[PDB]
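Visitor: Dropping a structure here in structure tokens format, bear with me for questions.
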Amino acid sequence: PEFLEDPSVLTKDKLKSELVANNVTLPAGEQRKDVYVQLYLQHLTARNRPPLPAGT
């Protein structure tokens, strides 16, 4: 399940439109305060942040 491991090009509303499909409830509507951004790195922790440079 790949997800925005680095949501710095979407916004505070896309990272959310995804979190939903990625097993994550959505609290406020507009955007509490970078809640969906931190939220993302919280449960999603940017799963594979590193693209793996081929070095095991």
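Chain labels A, B, ... are given in the sequence in which chains occur in the structure tokens; within each chain residues are numbered consecutively from 1, and ligands are likewise numbered from 1 in the order shown.
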Can you pull out every residue within 8 Å of residue A:36, counting only C-alpha atoms, but drop anything in the same chain fewer than 3 positions away, and send it as a PyMOL selection string?
Guide: chain A and resi 12-13+15-16+19+31+33+39-40
Visitor: Using C-alpha atoms, can you write the selected residues to a file as a CSV table (one decimal), in the first residue's frame?
Guide:
chain,number,residue,atom,x,y,z
A,12,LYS,CA,-3.5,19.6,3.7
A,13,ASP,CA,-6.6,18.3,1.8
A,15,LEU,CA,-3.0,13.8,2.1
A,16,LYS,CA,-6.4,13.4,3.7
A,19,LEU,CA,-5.6,8.8,4.6
A,31,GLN,CA,-8.1,21.4,8.3
A,33,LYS,CA,-4.0,22.7,11.8
A,39,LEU,CA,-1.5,12.7,11.1
A,40,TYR,CA,0.0,11.2,7.9
Visitor: Could you pull out the alpha helix (DSSP H) residues of chain A, going by DSSP on the backbone, and write them as a PDB file with C-alpha atoms, in the first residue's frame?
Guide:
ATOM      1  CA  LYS A  14      -5.091  15.605  -0.478  1.00  0.00           C
ATOM      2  CA  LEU A  15      -2.968  13.789   2.135  1.00  0.00           C
ATOM      3  CA  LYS A  16      -6.395  13.444   3.700  1.00  0.00           C
ATOM      4  CA  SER A  17      -8.433  12.294   0.702  1.00  0.00           C
ATOM      5  CA  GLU A  18      -5.878   9.471   0.779  1.00  0.00           C
ATOM      6  CA  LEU A  19      -5.551   8.786   4.560  1.00  0.00           C
ATOM      7  CA  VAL A  20      -9.218   7.773   4.256  1.00  0.00           C
ATOM      8  CA  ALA A  21      -8.430   5.014   1.738  1.00  0.00           C
ATOM      9  CA  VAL A  35      -3.542  17.758  11.385  1.00  0.00           C
ATOM     10  CA  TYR A  36      -3.691  15.605   8.251  1.00  0.00           C
ATOM     11  CA  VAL A  37      -0.073  16.315   7.457  1.00  0.00           C
ATOM     12  CA  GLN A  38       1.338  15.265  10.840  1.00  0.00           C
ATOM     13  CA  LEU A  39      -1.483  12.675  11.055  1.00  0.00           C
TER      14      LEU A  39
END
Visitor: So that I can check the surroundings of residue A:48, please list as a PyMOL selection string every protein, DNA and RNA residue that reaches within 12 Å of it, counting only C-alpha atoms and ignoring chain neighbours fewer than 6 positions away.
Guide: chain A and resi 1-6+41
Visitor: Figure out the distance between atom CA of residue A:28 and atom CA of residue A:49, please, to one decimal in Å.
Guide: 26.4 Å
